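Trainee: First, the structure itself, so that you have it in front of you.
Because the Cβ atoms are built from the backbone with ideal geometry, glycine has one as well, and the counts that use them run over all protein chains shown. Every number in this text was worked out from the coordinates using simple rules, so none of it is lab data.
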Amino acid sequence: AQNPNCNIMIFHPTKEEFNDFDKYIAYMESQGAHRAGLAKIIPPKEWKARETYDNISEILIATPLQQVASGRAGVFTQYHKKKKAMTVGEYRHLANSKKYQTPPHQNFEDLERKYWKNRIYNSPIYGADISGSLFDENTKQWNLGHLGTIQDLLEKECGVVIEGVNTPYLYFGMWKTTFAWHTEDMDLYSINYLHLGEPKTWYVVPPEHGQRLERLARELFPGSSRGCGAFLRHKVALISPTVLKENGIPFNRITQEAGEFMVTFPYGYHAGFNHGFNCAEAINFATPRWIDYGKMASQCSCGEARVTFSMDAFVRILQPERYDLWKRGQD
Ligand SMILES: O=C(O)CNC(=O)C(=O)O
Ligand SMILES: [Mg+2]
Ligand code: NI
Ligand SMILES: [Zn+2]
């Protein structure tokens, strides 16, 4: 069995190996990469996502989100307070202000210490989930707006044609902006490219140990757990590495820098934070190996998780027994 300790693997494809996206994912899996829940892909030196980032300031962040925390430093939830619209140039100036900028630090480890000590005492503003793409249309390799669609994968594997679309999303971050513990919708893969700016630190639980994280989360968030049998689908709960280590939960960590891709694998729980002003692009995708995870994915039916149009068909076809209850949660 490849990668039996479930370590995060880092890949360096050549320009020839970067042509065929599906084939390279399957290669990484042949080496055991999925056992970690997360992999890093460093693009060949010849590749670029686009020519420059000099002309992105007029993109609109229609609904910036202020991430307000409650709890203790290592165990907290966050809620998202909507703010007035602002452009990317306006948000970058805000991120760089004295109130929001990254503090002085020695290295990534010192910054990580400061994040976990101090996050809860601040409310950073995140531009998340903005439909769109920064890949040049002429970039042919690993262009997250040109991937094979999940609907087409389900149709190729299972024979059933379904409605729905699959497009990418932009994320504009600042120091302390936070992504809560989650797996993807329908336990899909994700791919995330850090276009520019400061790093993103990730934490991940191997898929084979995901239920250990869920059982800890029910203990640490007991009211939330009574409210919903899949409350991590709400994407609001944070647990620090120190608390995970105290409770014996297997995990790994890695920092993504600008120019790098990360892939999350089906049922790989992940969480993390941004080091300073940055922009990432991410999308969900599927492979044949996903289908069995989609059929077994938990679902939130309490009403909180509210998701895209396209998840309807995935529930309806892969989980027909759950469909009626889940759709009630959507309405
Ligand atoms: O970058 C972020 O805020 C969150 N991204 C992801 O969870 C992802 O790419 O799967
Ligand atoms: Mg612009
Ligand atoms: Ni994710
Ligand atoms: Zn719920």
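Trainee: Please state which one of 254, 317, 291 is closer than 30 Å to residue 68 by Cβ and either assigned to a strand (DSSP E or B) or in contact (Cβ under 8 Å) with a residue 60 or more places away in the chain (or both).
Mentor: Answer to the check: 254.
Trainee: Let me ask you something else. Yes or no: residue 41 away from ligand 2 (no atom under 16 Å from the Cβ) and under 20 Å from residue 169 (Cβ atoms)?
Mentor: For residue 41, the condition - away from ligand 2 (no atom under 16 Å from the Cβ) and under 20 Å from residue 169 (Cβ atoms) - is met.
Trainee: If we keep just the residues of the stretch 259-270 that are part of a loop (DSSP other than H, G, I, E, B) and within 13 Å of ligand 1 (Cβ to nearest atom), which is farthest from the chain's Cα centre (by Cα)?
Mentor: Here the answer is 260.
Trainee: Can you tell me which residue is nearest to ligand 2 (Cβ to nearest atom) among those in the stretch 61-79 that are within 29 Å of residue 144 (Cα to Cα) and touching a residue at least 40 places away in the same chain (Cβ under 8 Å)?
Mentor: 61
Trainee: Hey, another quick one. Can you find, within the stretch 271-288, the residue that is nearest to the chain's Cα centre (by Cα) among those that are more than 14 Å from ligand 3 (Cβ to nearest atom), surrounded by fewer than 23 Cβ atoms within 10 Å (Cβ to Cβ) and not polar (S, T, N, Q)?
Mentor: So the residue we want is 276.
Trainee: Hey, any hits in the stretch 318-328 for a residue that's aliphatic (A, V, I, L, M), within 16 Å of ligand 3 (Cβ to nearest atom) and surrounded by fewer than 22 Cβ atoms within 10 Å (Cβ to Cβ)?
Mentor: No.
Trainee: While we're here: Which condition does residue 155 not pass, out of (1) in contact (Cβ under 8 Å) with a residue 40 or more places away in the chain; (2) outside any loop (DSSP other than H, G, I, E, B), if it passes all the others?
Mentor: (1)
Trainee: Need pairs with beta-carbon distance below 8 Å; first residue under 18 Å from residue 270 (Cα atoms) and without any contact (Cβ under 8 Å) to a residue 60 or more places away in the chain and within the stretch 212-235, second within 16 Å of ligand 1 (Cβ to nearest atom) and among the hydroxyl-bearing types (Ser, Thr, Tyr); sequence gap 6+ or separate chains.
Mentor: Matching pairs, first to second residue: 213/269; 232/183; 232/269.
Trainee: Name the single residue that is nearest to residue 274 (Cα to Cα) among those in the stretch 183-220 being touching a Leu at 6+ places or on another chain (Cβ under 9 Å) and aromatic (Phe, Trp, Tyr).
Mentor: Taking the candidates together, the pick is 202.
Trainee: Please go through the stretch 17-38 and give me each residue that is among the acidic types (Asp, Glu) and free of Cβ contacts under 8 Å to residues at least 40 places away in the same chain, ordered by number.
Mentor: 17, 20
Trainee: Are there strands (runs of 3 or more DSSP E) fully within the stretch 163-229 with at least 3 residues that are away from ligand 4 (no atom under 16 Å from the Cβ) and at negative phi? List them.
Mentor: 169-173, 189-197, 200-205
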